[PDB]
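In what follows, a single structure is set out as structure tokens and then discussed.
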Amino acid sequence: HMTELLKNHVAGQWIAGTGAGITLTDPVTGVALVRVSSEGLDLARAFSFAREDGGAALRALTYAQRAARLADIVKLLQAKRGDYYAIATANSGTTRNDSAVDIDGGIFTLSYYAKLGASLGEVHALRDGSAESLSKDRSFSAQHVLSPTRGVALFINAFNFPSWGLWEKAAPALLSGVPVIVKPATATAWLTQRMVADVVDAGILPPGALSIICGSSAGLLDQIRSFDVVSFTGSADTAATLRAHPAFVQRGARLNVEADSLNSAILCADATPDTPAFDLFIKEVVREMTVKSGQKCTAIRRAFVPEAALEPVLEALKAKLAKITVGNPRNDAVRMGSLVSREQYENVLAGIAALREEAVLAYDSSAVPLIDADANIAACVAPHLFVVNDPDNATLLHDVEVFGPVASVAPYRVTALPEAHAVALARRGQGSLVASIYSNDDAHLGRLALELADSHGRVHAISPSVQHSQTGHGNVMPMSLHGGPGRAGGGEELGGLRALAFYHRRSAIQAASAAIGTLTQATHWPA
Amino acid sequence: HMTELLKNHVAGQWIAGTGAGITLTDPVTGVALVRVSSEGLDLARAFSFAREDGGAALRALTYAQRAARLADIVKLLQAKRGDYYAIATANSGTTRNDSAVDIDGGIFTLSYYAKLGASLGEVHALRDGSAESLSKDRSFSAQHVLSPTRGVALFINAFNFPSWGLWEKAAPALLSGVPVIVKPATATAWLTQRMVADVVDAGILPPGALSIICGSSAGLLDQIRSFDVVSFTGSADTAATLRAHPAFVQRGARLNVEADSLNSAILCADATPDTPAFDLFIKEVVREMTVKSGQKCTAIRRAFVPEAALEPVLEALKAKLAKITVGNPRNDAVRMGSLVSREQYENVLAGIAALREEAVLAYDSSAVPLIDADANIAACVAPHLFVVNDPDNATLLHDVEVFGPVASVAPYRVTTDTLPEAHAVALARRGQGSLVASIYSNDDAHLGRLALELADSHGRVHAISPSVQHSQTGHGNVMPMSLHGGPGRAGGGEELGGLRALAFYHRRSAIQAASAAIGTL
Ligand SMILES: NC(=O)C1=CN([C@@H]2O[C@H](COP(=O)(O)OP(=O)(O)OC[C@H]3O[C@@H](n4cnc5c(N)ncnc54)[C@H](OP(=O)(O)O)[C@@H]3O)[C@@H](O)[C@H]2O)C=CC1
Ligand SMILES: NC(=O)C1=CN([C@@H]2O[C@H](COP(=O)(O)OP(=O)(O)OC[C@H]3O[C@@H](n4cnc5c(N)ncnc54)[C@H](OP(=O)(O)O)[C@@H]3O)[C@@H](O)[C@H]2O)C=CC1
């Protein structure tokens with residue numbers, strides 16, 4: 001007898017893939033959990049049923065009606081959190097607090113869109129801006145609208161957020177009336193599949209609105225057509241491979257990418273060791289290094305501090321990192337669990353060795369015995385902190401990402417903005433999801449933030465006045481844009497209402513006033 | 001021995017390409033006009049100077065300051081229109097009225113962005129939407145902003161609009177603080193090069209802000225990097241080649257495509273021959289087939305009419321098309337000039353022959369003697385009107401584009417149950433995504449409803465009715481305050497739409513901070 005083979009949901013039916021499948025395992029205990037397989041699926045019908053029946057069914061509803069369905073899904077997921085936490089513990093090896101980012105982060109994001117969606121109203125098209133006169137006598141005018149794309153939304157998701165990656169994307173997709181096919185990363189696919197199964201079993205959404213495929217991705221892009229959209233999250237390397245596909249190069253399907261990002265944290269010149277902003281910086285660096293063992297795309301990887309502050313920074317980080325206990329998330333004493341897999345454990349350790357060739361290791365608690373875990377079975381890596389004294393000439397600092405509990409600190413020469421050098425150094429990341437900045441002076445934060453804006457999708461400013469209210473460097477608030485230029489993928493997600501454009505076509509309607517009036521009665525946009 | 005070799009403007013200097021270059025010719029008279037060449041240019045330097053020197057200089061200026069420079073260009077271009085019209089006549093073979101679409105359309109568009117830009121004020125970044133609270137006590141908030149991309153804008157432009165294609169794109173790009181490298185299509189590059197030369201000569205913009213390269217495209221995409229943007233206008237085939245390039249696939253540069261589009265015109269059930277809307281439809285179809293000899297990306301290619309209206313439609317189109325005189329644009333009696341080149345003449349004739357395999361030729365004035373032009377020299381194609389009786393089983397109708405004075409009429413089945421035009425909407429959709437559909441009715445309210453039905457497959461829906469006979473801006477004319485582009489076959493691109501055009505040239509970022517810091521940007 002073998003572990004459960006998880007079924008796919010395609011063309012409105014639960015269908016097992018054929019063969020022995022791929023086993024998912026517990027990254028702490030090594031226990032075999034479940035299996036996945038996409039072998040032998042009818043991908044043509046999987047895509048046609050979603051596109052035709054799923055799409056027609058969703059578009060038949062208004063925005064408000066679809067939002068009401070999202071609100072029902074929220075209630076359902078909320079009721080089954082107990083099941084989800086147990087899966088997260090086993091499949092991902094994350095502490096309860098860290099699992100919560102995925103599970104409760106996911107639910108929060110979905111609820112936010114349910115609430116926002118109600119404000120889109122009882123219509124089948126959205127109003128983009130206002131009418132513009134095209135005539136001296138105002139007889140002829142233009143009004144832009146958004147209409148749902150007559151395609152499917154294919155989500156190729158990363159291993160780190162099986163729950164949040166699904167709902168962050170599915171909420172604006174379904175709100176926009178676009179049917180979803182999700183393809184979660186294999187290693188941690190279990191939570192994704194269970195959530196989809198719960199939602200599908202509940203019959204909240206019409207048949208074809210939500211489908212799931214786990215296992216091999218072979219054949220998926222071959223089914224993508226010109227009105228479909230694809231949202232990919234993962235490595236820059238994989239993203240480039242996807243971009244070459246005929247689905248995009250020949251058929252022009254939309255593709256959003258979130259990829260590698262060496263996110264920066266900048267300690268401002270005024271934030272000296274004696275000031276409150278200093279402590280906030282130390283706290284934020286440690287949090288981002290350790291939450292999910294640093295396995296967030298937005299985690300701080302590069303921390304830039306004034307030359308004068310380098311030694312006190314390292315000392316403070318060492319002291320705080322020392323309190324981070326590592327091991328089995330089932331133990332209450334554990335502050336940080338495992339990476340997602342032994343494979344990731346290997347990648348991360350190789351990355352640490354690579355960085356070490358060009359950087360000094362200031363902190364490494366590898367020798368500390370794991371709590372309730374066997375170091376030889378678990379995918380636990382202890383926090384590692386590097387120092388790069390010459391970031392201008394550094395060969396790896398600005399280029400090599402270690403997707404684990406690892407970051408590098410580098411001094412900058414204080415100067416124009418005092419932080420001008422740090423801004424240039426951040427820019428060397430070649431485009432990032434987020435930069436955070438730390439100062440005692442709220443009047444200083446704006447100018448610095450604008451200097452970072454063209455190279456960072458989000459700039460997150462932490463200061464004493466917001467010690468209790470700031471929402472976290474790495475946490476993605478759904479009302480704010482997520483994504484970044486250059487290496488980070490050039491993508492955009494979330495940002496509240498901004499998320500809808502990806503799922504719509506914008507059209508200019510030019511017509512007599514009375515025609516603009518009648519088309520306008522059939523649209524809505526929030527005040 | 002020898003026509004003028006036009007110089008490129010790269011890295012702030014005028015540099016001739018090497019070799020004999022490529023000759024541009026008058027498509028009516030066959031006269032050699034000028035030559036272009038990009039041979040031996042230092043492309044690395046051209047792109048670095050634009051990105052670094054040009055980009056830094058533009059970004060140092062505020063939106064309003066850049067808008068003010070745009071306004072100066074407008075005045076300059078206006079003062080030199082006489083030069084531009086003579087070039088358009090010779091190089092493009094277009095009538096004065098058709099040349100005006102390119103020249104005065106270009107100027108209008110630039111001036112529109114100059115005005116829009118003045119309103120943006122003395123700032124270096126734009127607010128996107130309003131500030132939003134991220135905490136119960138409102139101490140922590142978020143404001144989205146737009147910042148200019150630290151790259152260059154490369155425009156690979158189509159032959160049809162050397163002026164408008166330039167200013168179309170260059171206006172929002174320069175307003176956004178992004179340096180421009182224009183690469184106009186060879187055959188008609190002269191007007192583009194002259195406009196760029198006049199602007200450069202005048203020193204309105206900083207060195208590096210505006211560059212031009214004419215001749216071979218070899219090596220251009222190789223210079224494109226991750227913060228650059230590229231705007232291509234032309235064939236789907238070429239677009240597909242561009243999309244495959246490492247500049248986009250590996251380095252992730254932005255690419256906007258506007259490509260082949262089988263734009264529809266739909267005659268509504270109510271628009272019978274005895275109604276004023278019927279003549280508006282006839283007039284618009286004829287205008288779109290003949291303006292620039294049908295060489296607009298937006299021209300009507302497929303005209304869908306109720307089964308009952310088909311014969312009156314064909315007869316009315318025949319009568320109107322008969323009035324369209326063809327020949328030398330220098331002659332004031334000529335209503336329609338030449339295609340842009342003898343090569344295009346052959347391409348269009350091939351296209352006509354292809355369509356004829358599956359369609360009946362209802363009108364063809366090929367044998368009507370040209371005015372002041374030699375049929376063996378000139379690239380004059382006469383209007384051709386096809387009829388496809390069964391558009392449901394038609395292959396070529398919905399797929400094959402002829403970039404000339406050529407369209408196809410087809411009947412639709414009116415729906416008598418509960419829109420009358422349902423079948424026509426389905427037929428328009430068969431074009432697989434288009435720039436524009438026009439719709440024609442006596443009933444303004446009905447048009448609003450029908451428009452919404454066409455919106456997901458057309459970038460623009462343009463409704464013509466008696467109430468706007470005098471004010472409607474034309475099926476094919478691209479008003480800069482409205483979005484230009486379309487889904488699917490049309491390329492999935494978006495241009496213009498007033499301030500909407502700026503997004504392409506900026507990065508949007510969420511700033512989350514203490515509310516005080518948010519308030520003052
Ligand atoms: N040196 C390294 O290896 C480094 C890795 N990373 C991290 O690797 C993580 C991704 O895990 P993954 O295998 O390892 O990497 P990729 O980014 O593929 O992972 C993203 C998703 O794409 C899917 N995918 C992968 N290849 C293809 C393909 N050819 N066609 C269609 N879909 C595909 C994967 O599915 P499935 O998982 O089922 O294979 C995965 O779920 C990323 O989150 C990234 O941050 C970060 C830094 C360095
Ligand atoms: N069956 C037919 O007759 C068809 C005709 N067409 C017509 O084709 C017209 C456009 O073609 P036409 O101008 O001759 O020229 P083509 O599209 O070949 O080329 C147009 C522009 O794109 C450039 N280009 C081509 N390949 C690349 C590349 N790999 N990298 C960078 N730039 C490149 C060309 O540069 P360069 O100077 O180096 O060539 C030129 O500047 C369309 O407007 C349409 O009317 C479209 C489809 C079918």
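Residue numbering restarts at 1 in every chain; chains get A, B, ... in the order shown in the structure tokens, and ligands count up from 1 in that same order.
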
Distance table requested - chain A against ligand 1, cut-off 8 Å, only C-alpha atoms and all ligand atoms: one row per qualifying residue with the closest atom pair and its distance in Å to one decimal, ordered by chain and rising residue number, as a Markdown table.
| residue | atom | partner | partner_atom_place_in_ligand_line | distance |
| --- | --- | --- | --- | --- |
| A:156 | CA | ligand 1 | 22 (O) | 5.5 |
| A:157 | CA | ligand 1 | 41 (O) | 5.1 |
| A:158 | CA | ligand 1 | 20 (C) | 4.6 |
| A:159 | CA | ligand 1 | 11 (O) | 5.9 |
| A:160 | CA | ligand 1 | 43 (O) | 6.5 |
| A:183 | CA | ligand 1 | 41 (O) | 7.2 |
| A:184 | CA | ligand 1 | 41 (O) | 5.6 |
| A:185 | CA | ligand 1 | 41 (O) | 3.0 |
| A:186 | CA | ligand 1 | 38 (O) | 3.7 |
| A:187 | CA | ligand 1 | 37 (O) | 6.1 |
| A:214 | CA | ligand 1 | 38 (O) | 7.1 |
| A:215 | CA | ligand 1 | 38 (O) | 5.9 |
| A:216 | CA | ligand 1 | 38 (O) | 6.3 |
| A:217 | CA | ligand 1 | 31 (C) | 5.1 |
| A:218 | CA | ligand 1 | 30 (N) | 6.8 |
| A:220 | CA | ligand 1 | 31 (C) | 7.5 |
| A:221 | CA | ligand 1 | 31 (C) | 7.5 |
| A:232 | CA | ligand 1 | 22 (O) | 6.8 |
| A:233 | CA | ligand 1 | 20 (C) | 5.6 |
| A:234 | CA | ligand 1 | 17 (O) | 3.1 |
| A:235 | CA | ligand 1 | 17 (O) | 3.5 |
| A:236 | CA | ligand 1 | 17 (O) | 6.8 |
| A:237 | CA | ligand 1 | 17 (O) | 7.1 |
| A:238 | CA | ligand 1 | 18 (O) | 5.1 |
| A:239 | CA | ligand 1 | 17 (O) | 6.9 |
| A:241 | CA | ligand 1 | 29 (N) | 6.6 |
| A:242 | CA | ligand 1 | 30 (N) | 6.3 |
| A:259 | CA | ligand 1 | 45 (O) | 6.7 |
| A:260 | CA | ligand 1 | 45 (O) | 5.7 |
| A:295 | CA | ligand 1 | 45 (O) | 7.6 |
| A:296 | CA | ligand 1 | 45 (O) | 7.9 |
| A:297 | CA | ligand 1 | 45 (O) | 6.2 |
| A:344 | CA | ligand 1 | 3 (O) | 7.5 |
| A:347 | CA | ligand 1 | 1 (N) | 5.8 |
| A:348 | CA | ligand 1 | 1 (N) | 7.7 |
| A:351 | CA | ligand 1 | 1 (N) | 7.3 |
| A:400 | CA | ligand 1 | 48 (C) | 7.6 |
| A:401 | CA | ligand 1 | 47 (C) | 5.1 |
| A:402 | CA | ligand 1 | 47 (C) | 5.3 |
| A:403 | CA | ligand 1 | 46 (C) | 4.9 |

Strand (DSSP E) call set, DSSP backbone run, segment 276-345 of chain A, as a PyMOL selection string: chain A and resi 300-306

Quick one: write out the picked residues with N, CA, C and O atoms as a PDB file, in the first residue's frame?
ATOM      1  N   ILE A 300      14.706  40.178   2.903  1.00  0.00           N
ATOM      2  CA  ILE A 300      15.913  40.987   2.833  1.00  0.00           C
ATOM      3  C   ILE A 300      17.106  40.069   2.566  1.00  0.00           C
ATOM      4  O   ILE A 300      17.299  39.101   3.310  1.00  0.00           O
ATOM      5  N   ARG A 301      17.877  40.391   1.522  1.00  0.00           N
ATOM      6  CA  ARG A 301      19.092  39.646   1.158  1.00  0.00           C
ATOM      7  C   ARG A 301      20.347  40.497   1.308  1.00  0.00           C
ATOM      8  O   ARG A 301      21.420  39.955   1.499  1.00  0.00           O
ATOM      9  N   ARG A 302      20.193  41.812   1.145  1.00  0.00           N
ATOM     10  CA  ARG A 302      21.299  42.766   1.233  1.00  0.00           C
ATOM     11  C   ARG A 302      20.947  43.904   2.203  1.00  0.00           C
ATOM     12  O   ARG A 302      19.951  44.597   2.009  1.00  0.00           O
ATOM     13  N   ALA A 303      21.755  44.068   3.254  1.00  0.00           N
ATOM     14  CA  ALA A 303      21.550  45.109   4.254  1.00  0.00           C
ATOM     15  C   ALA A 303      22.734  46.074   4.175  1.00  0.00           C
ATOM     16  O   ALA A 303      23.896  45.673   4.388  1.00  0.00           O
ATOM     17  N   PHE A 304      22.428  47.321   3.820  1.00  0.00           N
ATOM     18  CA  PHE A 304      23.444  48.371   3.634  1.00  0.00           C
ATOM     19  C   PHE A 304      23.385  49.363   4.791  1.00  0.00           C
ATOM     20  O   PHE A 304      22.336  49.957   5.055  1.00  0.00           O
ATOM     21  N   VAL A 305      24.527  49.535   5.468  1.00  0.00           N
ATOM     22  CA  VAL A 305      24.597  50.377   6.671  1.00  0.00           C
ATOM     23  C   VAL A 305      25.808  51.307   6.545  1.00  0.00           C
ATOM     24  O   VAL A 305      26.777  50.972   5.873  1.00  0.00           O
ATOM     25  N   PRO A 306      25.764  52.478   7.182  1.00  0.00           N
ATOM     26  CA  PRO A 306      26.945  53.358   7.174  1.00  0.00           C
ATOM     27  C   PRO A 306      28.215  52.674   7.682  1.00  0.00           C
ATOM     28  O   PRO A 306      28.153  51.841   8.601  1.00  0.00           O
TER      29      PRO A 306
END

At a cut-off of 6 Å and counting only C-alpha atoms and all ligand atoms, what residues surround ligand 2? Please answer as a PDB file with C-alpha atoms, in the first residue's frame.
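Once everything was written out, this is out-v2.pdb:
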ATOM      1  CA  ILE B 156      10.528  50.338 -35.046  1.00  0.00           C
ATOM      2  CA  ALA B 158       5.739  51.156 -40.101  1.00  0.00           C
ATOM      3  CA  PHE B 159       6.071  52.708 -43.567  1.00  0.00           C
ATOM      4  CA  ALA B 185      10.731  51.907 -42.202  1.00  0.00           C
ATOM      5  CA  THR B 186      13.250  52.426 -45.012  1.00  0.00           C
ATOM      6  CA  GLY B 215      18.740  51.397 -43.069  1.00  0.00           C
ATOM      7  CA  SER B 216      19.370  47.867 -41.799  1.00  0.00           C
ATOM      8  CA  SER B 217      18.025  46.883 -38.370  1.00  0.00           C
ATOM      9  CA  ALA B 218      20.849  44.426 -37.786  1.00  0.00           C
ATOM     10  CA  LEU B 221      17.753  44.507 -30.477  1.00  0.00           C
ATOM     11  CA  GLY B 234       3.922  46.193 -38.672  1.00  0.00           C
ATOM     12  CA  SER B 235       3.277  42.592 -39.682  1.00  0.00           C
ATOM     13  CA  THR B 238       7.893  40.320 -38.060  1.00  0.00           C
ATOM     14  CA  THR B 241      10.454  37.366 -34.885  1.00  0.00           C
ATOM     15  CA  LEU B 242      10.941  40.344 -32.554  1.00  0.00           C
ATOM     16  CA  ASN B 347       2.194  42.552 -52.684  1.00  0.00           C
ATOM     17  CA  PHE B 403      -2.745  46.323 -47.179  1.00  0.00           C
TER      18      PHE B 403
END

At most 7 Å to chain A: residues in chain B, only C-alpha atoms, as number ranges by chain: B: 135, 139-140, 147-149, 226-227, 240, 243-244, 249-250, 252, 444-445, 447-449, 451-452, 455-456, 458-464, 467-468, 471-472, 482-483, 488, 491-492, 507-514, 516-518, 521

Shell around residue 120 of chain A at 8 Å using only C-alpha atoms, local window under 4 positions removed, as a list in words: residues 63, 64, 116, 126, 524, 525 and 526 of chain A

Print the selection's residues with C-alpha atoms to a file, as a compact mmCIF listing (two decimals), in the first residue's frame.
# COMPACT_ATOMS: atom_id res chain seq x y z
CA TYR A 63 -18.74 41.54 -10.36
CA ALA A 64 -20.80 41.80 -7.16
CA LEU A 116 -13.41 45.30 -2.82
CA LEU A 126 -16.00 48.24 -15.71
CA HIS A 524 -19.29 50.89 -12.66
CA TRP A 525 -16.07 51.95 -10.98
CA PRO A 526 -15.47 52.64 -7.26

Shell of 8 Å around residue 229 of chain B, only C-alpha atoms, local chain residues under 6 positions omitted, as a short mmCIF file (atom, residue, chain, number, x, y, z; two decimals) with N, CA and C atoms, in the first residue's frame:
data_model
loop_
_atom_site.label_atom_id
_atom_site.label_comp_id
_atom_site.auth_asym_id
_atom_site.auth_seq_id
_atom_site.Cartn_x
_atom_site.Cartn_y
_atom_site.Cartn_z
N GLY B 151 15.92 53.76 -19.06
CA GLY B 151 16.25 53.10 -20.30
C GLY B 151 16.04 54.02 -21.47
N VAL B 152 16.04 53.42 -22.65
CA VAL B 152 15.71 54.09 -23.89
C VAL B 152 14.43 53.51 -24.47
N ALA B 153 13.79 54.33 -25.32
CA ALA B 153 12.62 53.90 -26.10
C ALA B 153 13.01 53.73 -27.57
N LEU B 154 12.94 52.50 -28.07
CA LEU B 154 13.25 52.22 -29.47
C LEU B 154 11.96 52.00 -30.25
N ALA B 253 12.87 43.18 -21.45
CA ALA B 253 12.53 44.53 -21.90
C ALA B 253 11.06 44.57 -22.30
N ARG B 254 10.42 45.74 -22.16
CA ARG B 254 9.02 45.87 -22.59
C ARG B 254 8.90 45.94 -24.11
N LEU B 255 7.86 45.30 -24.63
CA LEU B 255 7.58 45.34 -26.05
C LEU B 255 6.09 45.55 -26.31
N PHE B 504 3.56 52.96 -20.03
CA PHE B 504 4.53 52.16 -20.78
C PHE B 504 5.97 52.61 -20.50
N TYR B 505 6.14 53.91 -20.22
CA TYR B 505 7.46 54.54 -20.05
C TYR B 505 7.91 54.68 -18.59
#

Neighbour list for segment 3-15 of chain B as a ChimeraX atom specification, cut-off 7 Å, only C-alpha atoms, skip fewer than 3 positions in-chain: /B:32-36,45-46,49-50,207-208,211-214

Secondary structure check, helix (DSSP H, G or I) residues of segment 56-147 of chain A, as a PyMOL selection string: chain A and resi 56-60+63-79+81-92+96-118

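Note that atom CA of residue 31 of chain B and atom CA of residue 331 of chain B are 17.2 Å apart.
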
Test item: residues at most 10 Å from residue 357 of chain A, only C-alpha atoms, excluding those fewer than 4 positions along its chain, as a PyMOL selection string: chain A and resi 352-353+361+395-396

Output for the residues just chosen: N, CA, C and O atoms as a short mmCIF file (atom, residue, chain, number, x, y, z; two decimals), in the first residue's frame:
data_model
loop_
_atom_site.label_atom_id
_atom_site.label_comp_id
_atom_site.auth_asym_id
_atom_site.auth_seq_id
_atom_site.Cartn_x
_atom_site.Cartn_y
_atom_site.Cartn_z
N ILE A 352 25.49 29.03 0.30
CA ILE A 352 26.22 29.54 1.46
C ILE A 352 27.72 29.40 1.18
O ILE A 352 28.49 30.34 1.36
N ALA A 353 28.12 28.22 0.69
CA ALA A 353 29.54 27.98 0.38
C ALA A 353 30.05 28.95 -0.69
O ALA A 353 31.18 29.45 -0.60
N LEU A 361 31.85 35.15 7.05
CA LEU A 361 30.71 34.66 7.80
C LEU A 361 30.75 35.22 9.23
O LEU A 361 31.59 34.80 10.04
N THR A 395 31.75 40.58 -6.21
CA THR A 395 31.38 39.80 -7.38
C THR A 395 30.08 38.99 -7.23
O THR A 395 29.42 38.68 -8.23
N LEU A 396 29.71 38.66 -6.00
CA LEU A 396 28.51 37.85 -5.74
C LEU A 396 27.37 38.58 -5.03
O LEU A 396 26.20 38.25 -5.24
#

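When only C-alpha atoms are used to compute distances to residue 324 of chain B, the closest of the residues B:352, B:68, B:339, B:382 turns out to be B:382.
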
How close does each residue of segment 343-452 of chain A get to segment 275-279 of chain A, giving the shortest atom pair and distance in Å to one decimal for every residue with an atom at most 8 Å away, counting only C-alpha atoms, sorted by chain and residue number, as a tab-separated table?
residue	atom	partner	partner_atom	distance
A:438	CA	A:277	CA	6.0
A:439	CA	A:277	CA	5.4
A:440	CA	A:277	CA	5.3

Show me, as a tab-separated table, the residues of segment 334-379 of chain A having an atom within 10 Å of segment 16-40 of chain A, each with the closest atom pair and its distance in Å, using only C-alpha atoms.
residue	atom	partner	partner_atom	distance
A:337	CA	A:28	CA	8.0
A:338	CA	A:28	CA	6.3
A:339	CA	A:27	CA	6.9
A:340	CA	A:27	CA	5.8
A:341	CA	A:27	CA	4.9
A:342	CA	A:27	CA	6.5
A:343	CA	A:27	CA	9.6
A:344	CA	A:27	CA	9.7
A:345	CA	A:27	CA	9.2
A:372	CA	A:28	CA	9.4
A:373	CA	A:28	CA	6.7
A:374	CA	A:29	CA	7.9
A:375	CA	A:28	CA	8.8
A:376	CA	A:28	CA	9.8
A:377	CA	A:30	CA	6.3
A:378	CA	A:28	CA	4.0
A:379	CA	A:27	CA	5.4
